[PDB]
Amino acid sequence: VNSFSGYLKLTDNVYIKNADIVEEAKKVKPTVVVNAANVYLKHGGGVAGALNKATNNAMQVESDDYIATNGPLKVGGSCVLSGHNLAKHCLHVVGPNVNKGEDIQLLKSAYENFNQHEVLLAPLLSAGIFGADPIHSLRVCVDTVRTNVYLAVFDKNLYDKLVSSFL
Ligand SMILES: C[C@H]1CC[C@@](O)(CNc2ncnc3[nH]ccc23)CC1
Ligand SMILES: [Cl-]
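Below or above, wherever it landed, is the structure these notes cover.

The subject of this paragraph is the site of ligand 1. The full set of residues close to ligand 1 is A19, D20, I21, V22, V47, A50, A127, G128, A152, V153, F154 and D155. Backbone polar atom of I21 to a nitrogen atom of ligand 1: 2.3 Å apart, as the coordinates give it. In this structure, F154 approaches ligand 1 through a main-chain N or O atom, which is 3.0 Å from an oxygen atom. Within the complex, 79% of the 440 Å² of free accessible area of ligand 1 lies under protein. When atoms are counted within 2 Å of each cavity's grid points, the one that captures over half of ligand 1 is the largest pocket. For the shell around ligand 1, the elements supplying multiple residues, two or more each, are α1 (21–28), α2 (46–54) and β7 (148–153). In terms of residue class, the shell around ligand 1 is made up of nine nonpolar, one polar and two charged.

By volume, the largest pocket amounts to about 420 Å³. Where the lining of the largest pocket is concerned, the elements lending two or more residues are α1, α2 and β7. Per-element accounting of the lining of the largest pocket gives the leading share, four residues, to α2. Classifying every residue of the lining of the largest pocket gives 17 nonpolar, four polar and two charged.

Procedures and definitions
- Residues numbered from 1 in each chain as written, not as in the entry; some residues may be left out.
- Chains lettered and ligands numbered in written order.
- Heavy atoms only, no water.
- Near = heavy atom within 4 Å.
- Polar contact = N/O pair within 3.5 Å; in protein donor to acceptor, adjacent residues only side chain to side chain.
- Areas by Shrake-Rupley, 256 points an atom, 1.4 Å probe, with all protein chains shown as cover.
- 1 Å grid on protein atoms, 1.4 Å probe; cavity = no way out; pocket = protein on both sides within 12 Å on 5 of 7 lines; lining within 4 Å.
- Sits in = over half its atoms within 2 Å of the grid points.
- Helix = DSSP H or I, 4+ residues; strand = E, 2+ residues; numbered from the N terminus.
- Nonpolar A, V, L, I, M, F, W, Y, C, P; charged D, E, K, R; others polar.
- Points joined across faces, edges and corners; volume = space filled by probe spheres on them.

Structure below.
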């Protein structure tokens, strides 16, 4: 039993809710919140820009130190950093950004990072400003993640279409 509330159950291990991931994070304070990161951990917009704003830019400060030490992530890769005031940890995961021409096949590799964590709050990877079809992203999520994932979809209109079209 966990403290995630109001989710629709999609499969044995995947749950979905129309919600702002920022507001969800502050309520549950989960062990792991997933960020829709880029390889540079530049959290300017989308989910990343919103999460970073909620940390008063502390996420960006920590991220810049991480990159200065380690260099960029791989597309499809991830790193674990602090969750600041939102969660214990933030798993920064890089899905492909279609608006950069990046290979959508790497979306499965991106979701594989979730399997290293028993429970996660997460957005749909490569959705929103990353330009991929959120319906496809949901399919890859369900077919790749085996741990317990609670998916927050900000767009109420998008949430309804994802539910109604789910196979
Ligand atoms: C274009 C849509 C793509 C899918 C989204 O779910 C991604 N953005 C977010 N998702 C969840 N909490 C959030 N809080 C702030 C942003 C945000 C909603 C927008
Ligand atoms: Cl977005």
